[PDB]
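One structure is given below, encoded as structure tokens.
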Amino acid sequence: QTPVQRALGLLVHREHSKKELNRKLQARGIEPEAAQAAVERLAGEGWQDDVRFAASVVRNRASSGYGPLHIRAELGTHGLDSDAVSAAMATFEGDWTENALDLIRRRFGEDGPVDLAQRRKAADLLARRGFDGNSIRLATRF
């Protein structure tokens, strides 16, 4: 398939960032300038949009137990600047601390982590998932 056909097929699945599409196309042997041109053509035709992509990441990661620090870091790797990341984070209407508490409840139950081993595991899990210090301290009953 042509670079445009390949990129379109990816967008049919989900929103992709310009940087992400470029990387995926280049991974298939497509030359840099040709990959970039395909992405710009799709953006111009209304198929690709980094703003919609960023909002989709915030939404999807939030509902899958990832924290704000993780999401901000991830969006940054897609070449999005501070204002773009802030705008995306602003689309979240939930409570990140509540999401951390929910993840812990789903794993350990209503009583949360009991012994030291479990509390350490809970802290490690929330840190890896990108939650803030306050959220982790609250969820681990620190």
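Its first residue numbered 17, the sequence shown is counted upward by one per residue in the authors' numbering. All C-beta atoms in this analysis are idealised placements derived from N, C-alpha and C, irrespective of residue type, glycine included.
Less than 9 Å separates the beta-carbon of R157 from that of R135. The continuous alpha helix (DSSP H) containing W112 extends over residues 112–124. Distance from the CA of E47 to the CA of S98, rounded to the nearest whole angstrom, comes to 29 Å.
Excluding its 5 nearest sequence neighbours in each direction, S33 has C-beta neighbours in its own chain below 6 Å: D66, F69, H94, listed in chain order. Judged by DSSP secondary structure, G25 falls within the alpha helix (DSSP H) whose first and last residues are 19–29. Judged by DSSP in its simplified three-state form, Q64 adopts coil rather than helix or strand. Going by DSSP, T156 is part of no alpha helix (DSSP H) at all; its letter is neither H nor E. When the five nearest sequence neighbours on each side are left out, the beta carbons in the same chain lying within less than 6 Å of the beta carbon of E31 are those of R68, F69, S72, in order along the chain.
The same chain holds no residue with a CB closer than 6 Å to that of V130 once the five nearest residues on each side in sequence are set aside. If you draw a straight line from the Cα of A103 to the Cα of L91, it comes to about 11 Å. About 7 Å separates the Cβ atoms of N115 and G81, confirming a contact at the 8 Å cut-off. In the three-state DSSP reduction, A53 falls in the helix class (H, G or I).
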